[PDB]
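Undergrad: Build me a structure from this.
(chains A, B and C, ligands or ions: 10)
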Amino acid sequence: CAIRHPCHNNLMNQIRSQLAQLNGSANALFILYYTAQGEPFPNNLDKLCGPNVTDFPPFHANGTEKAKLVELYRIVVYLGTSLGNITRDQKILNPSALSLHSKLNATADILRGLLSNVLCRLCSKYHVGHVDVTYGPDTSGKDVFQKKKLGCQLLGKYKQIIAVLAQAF
Amino acid sequence: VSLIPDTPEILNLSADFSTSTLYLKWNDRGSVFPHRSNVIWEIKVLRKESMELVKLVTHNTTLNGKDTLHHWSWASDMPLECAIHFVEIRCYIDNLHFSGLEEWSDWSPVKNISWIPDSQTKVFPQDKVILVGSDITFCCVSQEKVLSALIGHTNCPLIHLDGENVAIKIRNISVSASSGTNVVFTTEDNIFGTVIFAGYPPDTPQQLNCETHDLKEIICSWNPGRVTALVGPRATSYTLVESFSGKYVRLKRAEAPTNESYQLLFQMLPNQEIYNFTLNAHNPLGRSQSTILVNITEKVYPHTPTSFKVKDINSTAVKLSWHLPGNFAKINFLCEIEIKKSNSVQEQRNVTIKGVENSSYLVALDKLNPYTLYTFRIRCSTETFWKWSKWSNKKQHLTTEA
Amino acid sequence: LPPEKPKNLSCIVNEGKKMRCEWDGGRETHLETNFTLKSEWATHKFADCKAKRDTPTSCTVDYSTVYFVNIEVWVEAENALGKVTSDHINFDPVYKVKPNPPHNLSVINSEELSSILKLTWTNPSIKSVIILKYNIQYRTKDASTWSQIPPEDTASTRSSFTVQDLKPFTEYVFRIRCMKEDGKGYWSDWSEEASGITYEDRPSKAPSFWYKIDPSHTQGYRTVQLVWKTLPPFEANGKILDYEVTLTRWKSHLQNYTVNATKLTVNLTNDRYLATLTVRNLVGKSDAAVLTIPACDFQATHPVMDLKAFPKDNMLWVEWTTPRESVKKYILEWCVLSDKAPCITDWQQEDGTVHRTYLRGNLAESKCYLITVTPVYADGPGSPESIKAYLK
Ligand SMILES: *[C@@H]1O[C@H](CO)[C@@H](O[C@@H]2O[C@H](CO)[C@@H](O)[C@H](O)[C@H]2NC(C)=O)[C@H](O)[C@H]1NC(C)=O
Ligand SMILES: *[C@@H]1O[C@H](CO)[C@@H](O[C@@H]2O[C@H](CO)[C@@H](O)[C@H](O)[C@H]2NC(C)=O)[C@H](O)[C@H]1NC(C)=O
Ligand SMILES: *[C@@H]1O[C@H](CO)[C@@H](O[C@@H]2O[C@H](CO)[C@@H](O)[C@H](O)[C@H]2NC(C)=O)[C@H](O)[C@H]1NC(C)=O
Ligand SMILES: *[C@@H]1O[C@H](CO)[C@@H](O[C@@H]2O[C@H](CO)[C@@H](O)[C@H](O)[C@H]2NC(C)=O)[C@H](O)[C@H]1NC(C)=O
Ligand SMILES: *[C@@H]1O[C@H](CO)[C@@H](O[C@@H]2O[C@H](CO)[C@@H](O)[C@H](O)[C@H]2NC(C)=O)[C@H](O)[C@H]1NC(C)=O
Ligand SMILES: *[C@@H]1O[C@H](CO)[C@@H](O)[C@H](O)[C@H]1NC(C)=O
Ligand SMILES: *[C@@H]1O[C@H](CO)[C@@H](O)[C@H](O)[C@H]1NC(C)=O
Ligand SMILES: *[C@@H]1O[C@H](CO)[C@@H](O)[C@H](O)[C@H]1NC(C)=O
Ligand SMILES: *[C@@H]1O[C@H](CO)[C@@H](O)[C@H](O)[C@H]1NC(C)=O
Ligand SMILES: *[C@@H]1O[C@H](CO)[C@@H](O)[C@H](O)[C@H]1NC(C)=O
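TA: Numbering: from 1, shown residues only, chains lettered A, B, ... in the order given. Ligands and ions are numbered 1, 2, ... in the order given. Here you go, the structure:
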């Protein structure tokens, strides 16, 4: 892992507080997103912004701490990539909104912080050395309506998974 | 006798699914008819199981009894990927030297085109940009029943098509927002929709004038008119081109929080003395332009002097020396030095100074009093009258008295 | 001249903005130096803080601050000859957070209760991340030193607090600041001052009063003069509305008056009477005093002996020997003997136990005052005595 200096010891409480803040910021970001997306979206939320994604890393609550941390690392990597893509798409489509972009940037910063913390913990405790990460395509493009729908569904799934992780850890 | 024209045959038919238009071509058998009789060709465009939507007529004549190809195109109001379209043609010859009756010829054999599904998109068109107030029809092809459709939370009525397809006729659309309005088709368990863009043509850029700070480049700015309501990759792009020389520069819209007025850099060409600019504006809906002719010598705006000192020898009073960047070695200057007394009076005087290289300048004075709480201030102009240069930092360095 | 280690490595984080770290200067070393601050997340570093040459005081950071993530920061200074680095520390930026003061402080009074007050405020946006503890200081309308509230009460995140054991009709000012709960961190600035006011429950113990009578005007008909002092605006507990005095005796008299002023003129008979004075406020249930007016013909009834009044110092101190076993109260009067003009008298009430006191008036110098002491007994006042005394 090429650790420069040993980590702290309160990493568990740190990542718990980070997960709580992530749940809160994710709820707020989802509200802002389905409020600022458009007019036909809030009326048909159950069909447009359903929490169903064709590909998402699963999570096992009954698993061990090491497996839970590995799954959390994979999930936060995927969430960071998808959040960067969605932020780029939203900046391209609607440059007027600013609070949405600020919330997206804050969420990305907190996600990167949690990623660094969990990597530090996993490399200082179990000495995993290296992890396996799979990268995919953009999975959203060439269609404005499909972009919007996929972004809203991804944000809903992210809100659900962060509400689950807040209680899991 | 009864003169019946020969039944024409359709050579080839095609369609452009991008802009939803049809292409028809045929060759009249003029080689058989030697006379130069006038003819008329009528083309009927019938769709959705012989509905006879539109009928056109084209008046032509045989070119000296020869066979030449004629091309005819028409833009359909409904996307070609929504329903089938048939087309047939027939002719009626009218000979001036014929005595018998003349009837209409039989219709050409049927020639239809059907769009085969090659993409996953189900609503047409896709990301179309039209003028505000234009009439457009949206179609949604699918295999299941459609419940309703709505764009501006209106729930407009829907019309039926041949096979399990529906369409909506939205007349006199309204102005769209930064994002296109969603034309969704609520199915039983899914929702398919697209976006439409309604923008205005680019307004003519008014207030097009520009001066120069130095004889090296020109900065010509302007302001747009009415907002086109189009932001993103479809926004307008202004381009300034030169008439005589032909050089052109392009403005960049990278950063989103843009300024109110758009400036533009244009490097000066060696020894022209005459500038005749012509600004261009592009947009997927329209275009505008505006020209202006200025004299770069008289349209000059000097810069404020920086890093100047107030000191001289024990002789007569201070000879100032200011620094002014740029290239003015050919033209002279008219820096008016305003001297102010002890909050009592302020006399005015101006002296001419020839241009020099990119360095400081030199000037002389004449019989200034002792200290008397004197202060200095300079504002340069030019022999050609224009806006005077901005004021610099005031100094009050006094040559020793008594 | 190598610069010494820039030690003492002070650093502070601010809420809503970026952090900044400080250091020590050392000797002048007569050479230009550029301090290069460093950052380290133990996994990835960032840009180095370059201290501006015009004012190289703390730092100029560029990265956003994130909590619950440790970071190692140290100072690096180097002149034209030599290189030396400062020590390293590992701290959490969540502890050095300096919160914002609460805003929109509100104060509302309670009904029928004067000591109990209510204090409501609004917590800042940092209440969701950390636990805030409060420190409230209160003082009266005009005070130099504030009163500290025991910090053991305001030791948790709360939106409202109730103050008690307060005096009625006393305006008070409040202010509050907040910081982290565990005591680690810097205190926030003081909030805006909010005024308040208590209730007006009930007046003081008794509005003491004294009667004045003239001789027989028309064959036994005598005029009585009732006068009383104004209660100061700390015992009346509210604005004075009106005074109410009742009088009844001799099987036939029963009256009540609501005169707004202190002076009222009523003509009574020669028979005795019982006085009872109340002062009604906006609440009610006032207190009542008592006074016994004597009969027609009474003798000296134990006059006062050994009366004295003297200077030394700055106030005429009256004194007398202890009277007989039965004495109710002392109410002495005094006026100045002005030439070619009559005198108007003032008065004040004293308890039965007190035998020496100082008068409270607006006396002047180089004047002669005739102080008369009237001993009040159970069955009417006694024979008074007078004495003259200068001021200076
Ligand atoms: C429309 O045009 C198509 C041509 O694509 C016609 O389909 C032809 O039908 C004849 C006899 O029905 C066949 O011999 C050809 O092989 C078909 N061509 C194909 C499949 O490419 C069709 O008949 C025309 N008319 C209608 C109503 O669809
Ligand atoms: C298309 O609709 C717009 C508004 O929906 C119409 O604009 C109105 O026009 C009337 C008179 O023509 C005005 O009194 C209104 O103030 C206009 N309203 C707005 C919002 O502009 C427009 O006239 C319609 N087009 C046609 C051809 O009728
Ligand atoms: C700039 O030079 C042109 C010469 O080509 C002047 O003439 C204009 O030329 C453009 C060519 O696109 C025409 O569209 C204009 O109608 C012409 N104008 C006239 C008055 O003939 C042009 O006038 C010059 N610019 C200015 C500002 O005078
Ligand atoms: C554009 O500006 C130049 C410079 O001011 C003008 O050139 C001047 O022409 C007058 C003749 O009327 C001469 O007396 C000056 O000496 C010239 N100034 C120079 C050469 O620096 C030129 O005439 C202007 N163009 C027009 C069309 O008026
Ligand atoms: C305190 O009450 C005032 C009303 O008296 C309000 O202050 C507003 O605060 C917001 C955001 O801080 C500003 O945009 C408004 O301009 C303020 N004034 C008004 C009249 O709304 C608000 O209710 C409270 N503010 C705070 C900081 O607690
Ligand atoms: C320096 O250390 C002293 C402790 O003696 C104290 O003033 C503070 O902690 C430090 N101050 C600065 C400005 O670094
Ligand atoms: C600061 O001083 C150092 C001396 O070692 C020099 O190398 C550097 O260029 C100076 N400027 C900055 C911005 O660091
Ligand atoms: C005063 O006495 C009169 C006697 O009838 C009575 O009517 C009135 O209510 C009394 N007022 C008060 C304030 O007690
Ligand atoms: C007289 O009484 C009235 C209330 O009836 C009130 O104005 C005040 O107590 C008195 N007036 C003055 C001038 O003091
Ligand atoms: C004053 O007293 C006399 C008694 O002789 C009588 O007129 C009445 O009681 C009083 N009059 C007034 C106006 O107070």
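Undergrad: is chain B contacted by stretch A:52-66?
TA: No - with CB under 8 Å from any CB of the partner chain as the threshold, stretch A:52-66 lies outside contact range of chain B, at a closest distance of 11.8 Å. Where C-beta positions appear, they are placed from N, C-alpha and C, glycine not excepted.
Undergrad: Let me fix that, I meant to ask about stretch A:125-142.
TA: No - with CB under 8 Å from any CB as the criterion, chain B is not reached by stretch A:125-142; the gap is at least 9.2 Å.
Undergrad: Any buried residues in that stretch, and which?
TA: Using 16 or more other CB atoms under 10 Å in any protein chain shown as the burial criterion, the residues of stretch A:125-142 that qualify are residue A:140.
Undergrad: same thing with stretch C:323-341?
TA: Using 16+ other CB under 10 Å as the burial criterion, the residues of stretch C:323-341 that qualify are C:323, C:327, C:328, C:329, C:330, C:331, C:332, C:333, C:334.
Undergrad: mind listing which of those are in strands?
TA: Restricting the buried residues of stretch C:323-341 to those inside strands, with DSSP state E as the criterion, leaves C:329, C:330, C:331, C:332, C:333, C:334.
Undergrad: quick one: contacts for residue C:297?
TA: Taking CB atoms under 8 Å, 6 or more residues apart in numbering or on different chains, we find residue C:297 in contact with no residue.
Undergrad: before we move on, what about the one 10 residues further on?
TA: Listed by CB under 8 Å, 6+ apart, the contact partners of residue C:307 are C:318, C:319, C:320, C:371, C:373, C:385, C:386, C:387.
Undergrad: List phi and psi for residue A:83.
TA: Main-chain torsions, residue A:83, degrees, to the nearest 10: phi -70, psi -40.
Undergrad: and stretch C:54-66, anywhere near ligand 7?
TA: No - using CB under 6 Å from any ligand atom as the criterion, no contacts between stretch C:54-66 and ligand 7 are found, and the smallest distance is 10.3 Å.
Undergrad: Would you mark the buried spots in that stretch?
TA: Taking 16+ other CB under 10 Å as the criterion, stretch C:54-66 shows C:58, C:59, C:61, C:65, C:66 as buried.
Undergrad: SS state for whichever residue of chain B sits closest to ligand 5?
TA: In chain B, no residue comes nearer to ligand 5 than residue B:257, which is 21.3 Å away by CB to the nearest ligand atom. Classification of residue B:257 into helix, strand or coil gives coil, according to DSSP: H, G, I helix; E, B strand; the rest coil.
Undergrad: Residue A:31 too?
TA: helix.
Undergrad: Compute the number of surrounding residues for it.
TA: Each residue near residue A:31 was counted by other CB atoms under 10 Å in any protein chain shown, and the total is 13.
Undergrad: now it: how far from residue A:76?
TA: Applying CB to CB, to the nearest Å, one obtains 22 Å for the distance of residue A:31 from residue A:76.
Undergrad: so who does residue C:281 touch?
TA: Under the criterion of CB under 8 Å, 6+ apart, the neighbours of residue C:281 are C:200, C:202, C:203, C:236, C:237, C:238, C:239, C:240, C:241.
Undergrad: count of neighbours near the closest residue to the first one other than its chain neighbours?
TA: Among residues not flanking residue C:200 along the chain, residue C:238 sits closest, at 3.2 Å (CB to CB, 6 or more residues apart in numbering or on different chains). Close neighbours of residue C:238, defined as other CB under 10 Å, add up to 18.
Undergrad: does the residue in chain A that ligand 3 sits nearest to count as helix, strand or coil?
TA: Distances from chain A to ligand 3, computed as CB to the nearest ligand atom, single out residue A:95 as the nearest residue at 35.1 Å. Reducing the assignment to helix, strand or coil with three-state DSSP, the entry for residue A:95 is coil.
Undergrad: right, and it touches residue B:231 too?
TA: Yes - the pair formed by residue A:95 and residue B:231 meets the contact definition of CB atoms under 8 Å, at 6.4 Å.
Undergrad: got the phi/psi numbers for the closest residue to ligand 6 within the stretch 1-150 of chain B?
TA: The minimum distance from the stretch 1-150 of chain B to ligand 6, using CB to the nearest ligand atom, falls at residue B:127 (60.5 Å). Here the main-chain torsion angles of residue B:127 (degrees, to the nearest 10) amount to phi 60, psi 50.
Undergrad: quick one on the thing from earlier: touching both of residue A:95 and residue B:231, which residues are there?
TA: Here residue A:95 and residue B:231 have residue B:178 as joint contacts, going by CB under 8 Å, 6+ apart.
Undergrad: List the residues that contact residue A:71.
TA: Residue A:71 sits next to A:57, A:58, A:59, A:60, A:63 when contact means CB under 8 Å, 6+ apart.
Undergrad: Give me the neighbour count for the third one.
TA: In other words, residue A:59. Counted by other CB under 10 Å, the residues lying close to residue A:59 total 16.
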